[PDB]
Amino acid sequence: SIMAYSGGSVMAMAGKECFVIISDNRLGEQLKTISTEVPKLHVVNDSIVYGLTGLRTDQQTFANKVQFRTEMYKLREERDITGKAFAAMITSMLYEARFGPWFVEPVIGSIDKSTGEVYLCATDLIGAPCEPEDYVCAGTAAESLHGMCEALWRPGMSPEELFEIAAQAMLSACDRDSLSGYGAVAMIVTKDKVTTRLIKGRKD
Amino acid sequence: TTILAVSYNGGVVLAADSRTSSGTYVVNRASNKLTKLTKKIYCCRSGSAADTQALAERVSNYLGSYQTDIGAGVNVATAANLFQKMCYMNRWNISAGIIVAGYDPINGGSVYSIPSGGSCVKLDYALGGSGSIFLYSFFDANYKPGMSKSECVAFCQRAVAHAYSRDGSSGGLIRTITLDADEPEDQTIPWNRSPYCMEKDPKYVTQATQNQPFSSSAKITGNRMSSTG
Amino acid sequence: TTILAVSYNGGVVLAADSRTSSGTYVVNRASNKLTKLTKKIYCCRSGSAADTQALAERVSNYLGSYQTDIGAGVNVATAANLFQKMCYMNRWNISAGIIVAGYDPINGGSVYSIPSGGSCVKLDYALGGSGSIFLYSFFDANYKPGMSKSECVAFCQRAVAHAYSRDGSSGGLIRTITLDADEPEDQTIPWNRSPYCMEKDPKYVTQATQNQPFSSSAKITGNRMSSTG
Amino acid sequence: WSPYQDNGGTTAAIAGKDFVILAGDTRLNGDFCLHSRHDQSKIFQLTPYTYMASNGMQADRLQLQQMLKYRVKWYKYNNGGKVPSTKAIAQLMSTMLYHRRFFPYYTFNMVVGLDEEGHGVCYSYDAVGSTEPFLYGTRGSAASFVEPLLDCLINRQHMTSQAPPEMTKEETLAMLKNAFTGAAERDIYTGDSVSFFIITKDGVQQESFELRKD
Amino acid sequence: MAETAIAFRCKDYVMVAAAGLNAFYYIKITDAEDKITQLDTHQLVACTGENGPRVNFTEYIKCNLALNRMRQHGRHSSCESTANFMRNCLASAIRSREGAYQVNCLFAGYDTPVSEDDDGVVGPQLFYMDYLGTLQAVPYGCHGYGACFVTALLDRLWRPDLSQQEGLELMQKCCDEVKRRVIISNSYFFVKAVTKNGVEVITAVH
Amino acid sequence: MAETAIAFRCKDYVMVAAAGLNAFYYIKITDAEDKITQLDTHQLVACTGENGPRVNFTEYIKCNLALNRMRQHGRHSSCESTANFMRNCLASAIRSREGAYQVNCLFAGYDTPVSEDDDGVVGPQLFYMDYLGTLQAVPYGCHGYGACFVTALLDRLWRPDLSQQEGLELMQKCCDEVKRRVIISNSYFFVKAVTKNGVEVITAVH
Amino acid sequence: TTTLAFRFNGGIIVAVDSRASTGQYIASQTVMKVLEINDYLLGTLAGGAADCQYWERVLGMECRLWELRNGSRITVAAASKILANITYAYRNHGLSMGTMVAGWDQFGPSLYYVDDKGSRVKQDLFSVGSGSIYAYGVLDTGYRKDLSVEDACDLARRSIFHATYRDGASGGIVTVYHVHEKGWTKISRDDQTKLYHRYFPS
Amino acid sequence: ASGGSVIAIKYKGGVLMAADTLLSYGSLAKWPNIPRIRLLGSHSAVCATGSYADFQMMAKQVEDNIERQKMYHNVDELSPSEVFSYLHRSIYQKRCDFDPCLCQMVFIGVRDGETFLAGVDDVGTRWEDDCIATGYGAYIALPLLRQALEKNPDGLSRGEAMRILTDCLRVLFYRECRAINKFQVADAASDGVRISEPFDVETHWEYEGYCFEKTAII
Amino acid sequence: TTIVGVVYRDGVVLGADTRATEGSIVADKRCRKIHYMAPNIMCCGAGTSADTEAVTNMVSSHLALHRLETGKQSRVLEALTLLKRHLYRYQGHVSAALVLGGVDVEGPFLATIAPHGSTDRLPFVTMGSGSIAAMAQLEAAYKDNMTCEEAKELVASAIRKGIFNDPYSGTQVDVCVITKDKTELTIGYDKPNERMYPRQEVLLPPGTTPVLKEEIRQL
Ligand SMILES: O=C(Nc1ccc(F)c(-c2ccn3c(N4CCOCC4)cnc3n2)c1)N1CCCC1
């Protein structure tokens with residue numbers, strides 16, 4: 001698979017007036033591990049963080065194309081792009097390539113700075129948005145992450161609680177995936193503050 | 001799909017079944033394969049519903065523009081020739097068995113088969129679709145040209161019914177339309193009033209003796225229809 | 001190939017065209033697809049001539065041995081059941097649409113279609129071969145059971161003729177054979193005396209107006225048949 | 001025509017110190033439809049102390065089940081009434097699966113039961129009989145969801161907290177009820193009910209439990 | 001894959017090795033083709049694939065870097081900059097009619113302060129690049145069949161603080177391990193290093 | 001093909017070299033596996049393929065030859081005889097369910113007079129054998145990627161009358177030319193020779 | 001899988017990882033990849049876990065039957081051959097199994113690699129499995145004949161560790177054995193994440 | 001030659017099975033007068049979707065096995081369960097020989113009170129349920145039959161079970177291509193299995209939305 | 001997916017399940033498959049979610065732009081023709097299967113657009129994986145001139161057939177009632193699959209997961 005080549009999984013999770021987005025750290029070529037210090041998270045602004053899974057080339061190209069679009073937006077619009085608009089922009093960008101797609105699966109966490117209402121959006125490689133109340137994931141450990149997140153996740157979780165279940169999900173799911181792990185960088189976004197945490201996991 | 005168009009004196013009868021099938025499931029039970037091009041020129045559409053609908057809409061639009069700009073009626077030959085060009089141009093891309101038929105006051109009733117190659121043949125009658133292959137022998141045997149308008153309609157309905165009774169890919173309603181000097185008469189025969197079906201034909205009431213009770217004799221009696229007997 | 005067998009009261013009529021074709025060339029113009037198994041049990045052979053001849057000879061030989069050792073006539077059911085076993089055992093190796101039909105004094109006239117799967121269906125009439133597909137609608141419309149021996153032969157010949165008029169893969173002579181309590185009556189209708197052909201049907205005398213002289217009018221007249229006109 | 005068909009469903013087992021809870025959902029799905037919500041073919045008693053759970057293709061699970069039932073019956077006769085240990089049945093299952101490795105049973109088996117010392121154990125298998133004794137196991141459509149969750153909640157390897165006491169029969173049952181409820185929600189081929197079997201020294205105590213019917 | 005390239009980065013140099021082997025099917029055309037192209041005074045790329053793409057890629061980068069200096073009045077671009085220029089060029093190519101450049105690069109460099117005002121990275125830089133356009137900063141990395149042998153050896157023996165001398169010894173163990181273990185005869189390695197002073201060609205190690 | 005075997009025959013010895021390389025995909029498992037199996041006191045076979053067939057073939061020949069001596073009261077079979085025995089065994093196999101033995105042999109031997117009455121060939125014998133069962137007497141011959149290199153070099157430098165010493169020099173040139181030119185690392189060659197006196201293992205040449 | 005053995009003056013070290021991986025999903029992190037054929041013989045399993053487990057168990061049966069029939073322990077040569085004869089018989093039946101037979105017989109320590117294609121190679125050092133390419137880099141650089149048993153286990157354990165760190169298909173518990181004149185002893189069984197924090201303390 | 005869909009449902013004191021009386025040969029509707037439901041000994045009936053030839057052979061093999069055992073040894077006739085067990089093992093053996101019985105049987109029976117209903121696939125998948133269907137019956141009819149069992153959880157009366165079968169046959173007629181509007185219903189009750197004389201179902205075709213003017217493309 | 005439309009006396013009812021799936025896995029339990037096309041036109045989508053989203057958005061936008069040009073409520077035929085022509089152009093590579101319901105001045109208008117750009121204008125339609133199950137309920141229970149309640153209940157019944165009998169369909173019935181005047185989109189009209197077993201809250205207290213580094217940033 002072209003999507004499983006580089007490895008890496010990403011997951012995002014909605015709490016009360018906060019979200020956690022967490023990527024593993026591995027970069028690979030099939031089974032050979034190139035680096036153990038390649039988190040897949042990108043910070044658009046205070047309120048939006050996204051991960052890209054899939055073919056590392058395209059994670060990097062797509063992430064650049066997005067950085068271009070979000071910075072142009074910031075100059076033209078004279079404001080930070082919102083999670084909804086950012087997600088919509090990213091589906092537009094992925095669907096521009098329907099026939100010859102980007103091998104990326106973006107996971108977007110966002111938070112409205114005023115309302116405190118959390119927006120997650122995973123996307124497939126051709127832009128199909130998936131916008132659930134609870135959690136989204138992508139990458140090589142996605143089958144195993146869905147299981148962990150379904151089990152551990154509750155609705156109205158505080159940031160600290162949410163981080164723990166996201167970390168335990170990402171770590172436990174990555175322990176059953178050859179192509180993801182070497183711990184995780186998680187990022188706990190609130191209205192007030194953005195915590196970033198490197199999480200100790202296996203070396204495997 | 002079963003489509004046919006026969007000529008009577010004044011004009012033509014187009015007739016179709018009403019079933020589109022994704023192979024072995026009936027997606028639509030009440031399709032209208034008789035597709036208007038002008039007031040008095042219809043086509044019957046067999047093959048890819050997508051392809052024939054697209055062509056019929058393209059050709060209908062060209063004929064409408066043409067009719068406005070010449071400021072006269074369109075000839076059936078014109079409709080057939082446009083349809084042939086499109087069916088030929090795209091013969092590798094589309095699956096489209098078309099029958100253009102209609103009335104113009106110059107040539108009266110005309111029928112053109114435009115089959116899958118993009119040949120255009122002007123005929124007294126045309127058959128088309130999966131179900132066509134059933135009717136060639138039906139027409140050879142029972143079709144007599146120089147029918148009344150009424151007889152052609154009754155015959156076209158009896159034909160379509162004979163085809164859809166055997167073709168699995170054909171079924172449902174029999175739609176006809178008569179195109180002549182008069183206002184077009186569409187009519188829709190529902191399957192429960194079809195002129196023929198095998199289910200009601202007394203020929204096929206007695207069941208094949210396939211089952212047959214365990215007997216002390218090679219004499220075939222009937223099917224075993226009760227465990228007690 | 002067109003083969004059929006209908007039942008009348010006393011017995012059965014098998015009928016068949018006479019053409020074996022290597023696709024588009026007629027290898028044999030006068031084949032006999034009505035193949036004796038016993039005195040009064042024939043089969044009609046469709047598909048691989050090699051495969052059906054081989055089966056018909058195998059089954060004929062088993063039936064002859066059987067008839068010798070039971071010291072009585074063979075039932076058509078027996079012939080059908082043997083032919084089914086062989087056509088089923090080898091269903092992947094052979095291409096063989098068979099119709100076993102015959103007379104036995106127990107069950108009178110009997111027809112069995114053994115199509116390509118190795119199904120064995122006991123029927124009032126059976127159709128087989130490339131040409132069968134033309135006849136299903138012909139029978140549905142024109143076949144009436146409880147025919148005379150003479151009417152069945154006339155009908156069976158008219159049928160085979162209607163099939164071989166439209167099927168390229170069928171043609172030539174129409175061979176029939178009546179099997180009943182009386183001595184078997186084979187007869188062979190040559191193509192020049194066939195009860196139907198499209199070439200002689202007045203319906204198809206007037207040619208399609210395909211050619212059409214270069215004119216100053218949209219009025220379709222006829223085909224251009226002279227360079228001077 | 002494929003000789004193979006995946007009939008979906010998940011099995012899971014968890015061993016404690018005196019017992020195994022063995023669980024398997026009851027939906028038997030065909031091609032794009034579902035055949036039954038009440039298929040009990042997934043779990044099969046070999047001995048009072050030893051059960052086999054079996055996923056993938058039903059028809060092969062049903063053959064394999066009978067093939068083992070008759071090897072186990074022969075063992076009773078040849079070993080003077082003595083029923084084979086869970087360990088013996090686990091090697092037998094490895095051996096029987098491998099003997100078919102040139103037209104393999106499309107069946108992801110577990111053998112689950114008490115060992116020599118009364119302690120529970122689960123042998124999970126691949127297609128061709130590679131196994132190991134473990135204290136839990138999962139096979140089937142939702143195995144990839146349930147196995148990480150069981151790793152997390154039993155082994156706790158990424159937790160600084162002190163390991164909870166032991167996990168009783170009722171806590172272990174509850175953990176599986178939860179794990180299946182999750183799998184049923186997210187796996188489209190797991191659902192309807194879970195049959196739980198609670199193998200103990202005393203005897204097998206079995207209770208059904210409802211999942212999302214969709 | 002036939003031609004192994006090795007690089008690692010220490011406090012005050014990046015060391016790059018690359019197998020001389022040029023081959024045609026099973027015939028060694030030469031054991032001494034230099035795969036390490038100097039892009040600027042303080043930048044080079046051990047590029048490994050067939051000669052055709054390897055040259056057409058490295059020359060295109062080298063010429064566009066020189067062009068960018070001509071137009072930027074002799075301003076020497078950073079290593080992050082040319083690494084990203086190189087990956088964008090490789091990545092552009094995988095969605096082009098031409099197809100991918102089938103070349104795997106280790107792009108090594110020493111970033112010096114380019115003025116009084118330069119607040120940027122000082123020191124050695126090393127970037128692993130796949131043919132696809134995967135760019136990753138690494139302390140060491142390898143392409144080729146020998147990659148995994150040397151990558152493991154370097155995990156074991158590489159420290160960030162080795163001398164230029166401990167680096168030669170280490171590079172010789174890496175090269176020797178490719179010779180011992182890969183069936184493709186990588187009998188001669190070109191070894192270069194980038195220091196504050198620039199590219200130097202190491203002849204001791206081969 | 002990876003593993004090159006070379007042999008040539010002079011007035012009073014056959015010299016056989018075979019590459020030590022055993023490989024798994026691109027990983028040298030060892031550079032020093034002996035491909036040259038002694039079949040009798042004055043007979044040996046540089047056999048080159050994967051280890052599985054090479055051993056199963058050579059051992060089968062060796063055991064049948066030994067069995068044939070046990071039953072023939074210690075009579076040492078001629079080289080033509082074992083060459084033909086071997087080719088019939090290879091040829092039988094290409095029409096078997098098992099498939100061909102994927103092994104290429106150079107079967108070298110010295111025929112000594114086996115009694116007072118022996119009127120047969122005296123002296124060194126060399127037989128090229130394809131995996132298919134092609135047997136051909138040759139003055140010299142080679143299997144492997146290096147075959148055509150060494151075959152040309154021998155066409156140039158081989159005389160029928162070389163000393164044991166001029167043969168060592170020549171076998172070194174042959175081995176060296178494989179190392180120089182084949183991309184597959186054949187870094188160590190086992191060299192054996194058959195003389196009147198028997199098999200001797202040449203250590204000088206490698 | 002990563003799995004290495006080597007001969008040295010103290011005898012044979014055998015070291016293995018513990019992970020069974022179907023390329024992507026980790027089936028198990030606790031697979032025993034050293035089969036203890038008899039008291040003086042060790043197999044290693046790589047490739048198809050079933051194929052190796054089955055055929056090493058057969059080998060173990062032939063080795064035990066040998067000991068019953070002949071009243072003496074089988075040689076490593078003969079045990080490696082028995083397995084090479086199986087894998088050669090099944091050479092075009094798509095077995096996947098790279099194996100090492102390591103033992104101490106009458107003729108001292110012997111180590112053989114045995115492939116799925118019937119290869120049977122006798123050398124002083126091997127590594128087998130997806131992570132061999134990694135193990136070999138560490139193993140070849142640190143390998144001498146004159147190693148102490150302590151230092152030979154260290155080398156082995158580090159060599160497996162460095163494969164587990166880099167190979168996706170390799171991981172879990174780094175088990176090390178020592179084959180000596182008195183048989184084999186299981187030296188150590190260490191988790192490869194604990195080994196990371198031992199070998200790289202910072 | 002192929003059988004279309006079979007549908008079956010348990011009612012209070014028996015099982016109804018229904019099938020079109022049609023064998024198709026591809027698209028072609030070859031024979032509309034085929035008795036597709038077959039009685040197996042005294043208690044059981046069987047009907048198959050798929051190769052009529054494979055059904056004809058299997059049904060023969062089974063029906064012999066039942067009559068032989070009963071007649072040779074003075075034993076009680078095989079139960080529905082046991083006849084079905086034999087049919088299942090037979091079909092699975094054929095898929096293990098790569099000579100499959102390329103049809104999905106539905107199997108009904110009643111010994112005493114004991115009411116048996118089960119399905120078996122080409123590959124030897126088998127399932128008992130309160131309603132079974134094969135072919136397009138599985139995709140079309142099952143949803144409706146299952147809904148009728150969910151609504152009447154105590155159990156259906158013969159009338160309610162017949163009303164729902166008839167409504168499923170109507171839909172199969174509308175939506176299965178290779179169908180005719182001529183059915184037979186096997187009814188396994190205590191006395192044994194009866195097969196109905198063939199019947200048709202009333203069909204609605206005159207919705208105002210099926211008129212020529214609405215359904216027109218142009 | 002199972003999406004359903006019926007024409008009733010006063011308008012159209014559309015119906016959809018809610019389960020989105022990545023392969024064999026439910027990505028979103030409560031995703032909305034009934035898309036706004038215009039004030040008087042809705043459009044349920046099956047097939048490739050990306051394509052259904054893109055084609056439905058593209059058209060709704062064109063209809064909106066065209067509504068400013070005409071000053072005239074968008075006709076369901078205009079919507080239908082824009083989807084057909086788009087889908088046809090792409091030869092089914094844009095794999096959007098659609099159920100377009102609306103009520104213009106010509107009256108209730110319900111149609112399918114197949115991915116290849118075929119249309120069937122019918123009084124009851126189904127698309128998606130659970131189309132056949134749903135259609136069985138519709139063929140069994142549809143009559144002409146249903147009340148709004150009869151029609152909503154029938155559509156929910158049809159969707160439920162997909163939910164329970166198709167694996168790709170699930171969760172709840174979203175229903176939409178387009179009448180001449182207004183468009184009422186009821187989300188979870190029917191929720192047959194509530195909660196079996198209340199979620200066992202596994203408690204992981206803060207500091208459970210070991211953390212190497214931590215950067216806090218205040219805003
Ligand atoms: O490695 C082998 N020999 C050898 C022989 C036969 C084999 F089957 C396999 C082999 C095969 C699949 N292996 C896996 N797979 C890969 C693919 O991803 C999933 C997990 C993991 N490990 C594996 N090792 C190894 N040797 C290296 C040099 C000496 C011999």
Side-chain angles (χ1 to χ4, degrees), chain B residues 3-16 32-45 55-87 98-114 120-126 128 143-156 175-187, chain C residues 203 206-225 229, chain H residues 212-213 216-218:
Chain B
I3 51 158
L4 55 94
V6 322
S7 304
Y8 58 88
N9 187 37
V12 286
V13 187
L14 291 80
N32 200 333
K33 291 150 174 198
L34 308 187
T35 295
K36 183 190 153 92
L37 301 179
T38 76
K39 183 69 199 303
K40 316 259 228 199
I41 302 165
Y42 280 63
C43 58
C44 325
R45 296 181 299 102
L55 291 174
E57 280 169 304
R58 187 67 274 184
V59 164
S60 175
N61 193 271
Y62 288 152
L63 260 21
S65 315
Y66 184 62
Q67 188 180 308
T68 286
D69 119 314
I70 73 181
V74 183
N75 303 326
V76 179
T78 293
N81 191 79
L82 268 191
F83 234 116
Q84 186 196 28
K85 194 178 307 311
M86 314 229 87
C87 282
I98 296 296
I99 299 178
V100 177
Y103 175 87
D104 52 301
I106 320 304
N107 299 303
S110 317
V111 173
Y112 294 81
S113 195
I114 297 133
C120 182
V121 183
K122 188 189 190 305
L123 294 160
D124 167 46
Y125 75 91
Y143 183 58
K144 206 80 181 201
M147 271 167 177
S148 151
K149 191 228 272 273
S150 337
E151 290 164 30
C152 271
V153 168
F155 183 77
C156 281
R175 306 197 189 280
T176 41
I177 185 161
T178 72
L179 305 165
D180 54 314
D182 310 330
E183 228 264 310
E185 303 165 6
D186 67 276
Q187 92 170 102
Chain C
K203 249 203 304 298
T206 295
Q207 293 204 297
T209 303
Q210 286 306 94
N211 289 337
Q212 216 164 112
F214 187 62
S215 81
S216 305
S217 187
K219 180 144 229 310
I220 282 93
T221 50
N223 293 301
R224 189 191 174 198
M225 292 197 65
Chain H
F212 194 97
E213 199 190 298
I217 306 307
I218 304 171

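All chains are named by letter (A, B, ...) in the order of the sequence lines, taking the proteins before the strands, and each is independently numbered beginning at 1.
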Work out which heavy atom in [X] is nearest to a heavy atom in [Y]; give both atom names and the distance.
X      : Y      : result
B/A181 : B/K40  : O-NZ, 3.0 Å
B/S110 : B/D104 : OG-OD1, 4.0 Å
B/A126 : B/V111 : CB-CG1, 3.4 Å
B/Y103 : B/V76  : N-CG2, 3.6 Å
B/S7   : B/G109 : OG-O, 4.4 Å
C/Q210 : B/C120 : NE2-O, 2.8 Å

Heavy-atom neighbours of B/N9 CG exceed 12 at 6.0 Å:
no
Is the number of heavy atoms from other residues, nucleotides or ligands under 6.0 Å of B/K149 NZ greater than 12?
yes
Tell me, do [X] and [Y] make a side-chain contact under 4.5 Å, heavy atoms counted?
X      : Y      : result
B/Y143 : B/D124 : yes
B/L4   : B/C156 : yes
B/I41  : B/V100 : yes
B/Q84  : B/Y112 : no
C/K219 : B/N107 : yes

Starting at [atom1] of [X], measure out to [atom2] of [Y] and round the result to the nearest 0.5 Å.
X      : Y      : atom1 : atom2 : answer
B/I114 : B/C87  : CD1   : SG    : 6.0 Å
B/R175 : B/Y42  : CZ    : OH    : 11.5 Å
B/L14  : B/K33  : CG    : NZ    : 13.5 Å
B/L179 : B/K36  : CG    : NZ    : 10.0 Å
H/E213 : B/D186 : CD    : CG    : 8.0 Å
B/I99  : B/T35  : CD1   : OG1   : 12.0 Å

Evaluate B/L34 against H/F212 for side-chain contact (heavy atoms from CB on, under 4.5 Å), listing each step before the verdict.
CA-CA 9 Å; B/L34 308 187; H/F212 194 97; 3.9 Å; yes
Go through the steps for B/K39 and B/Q67 under the test side-chain contact (heavy atoms from CB on, under 4.5 Å), then give the verdict.
CA-CA 11 Å; B/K39 183 69 199 303; B/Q67 188 180 308; 6.0 Å; no
Between B/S150 and B/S148, is there a side-chain donor-acceptor contact under 3.5 Å, judged purely by atom types and distance?
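There is such a pair between these side chains.
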Take B/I98 and B/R45, measure what side-chain contact (heavy atoms from CB on, under 4.5 Å) needs, and give me the verdict at the end.
CA-CA 5 Å; B/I98 296 296; B/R45 296 181 299 102; 4.2 Å; yes
According to salt bridge (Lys or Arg N to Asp or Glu O under 4.0 Å), who are the partners of C/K203, at least two apart in sequence or on a separate chain?
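Testing C/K203 for salt bridge (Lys or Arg N to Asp or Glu O under 4.0 Å), a comparison that skips the adjacent residues, returns C/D201.
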Can you check side-chain contact (heavy atoms from CB on, under 4.5 Å) on B/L82 and B/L63, steps first, answer last?
CA-CA 8 Å; B/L82 268 191; B/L63 260 21; 3.3 Å; yes
When you measure from the side chain of C/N223 to the backbone of C/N211, do you find a donor-acceptor pair of N or O atoms at a distance under 3.5 Å?
yes
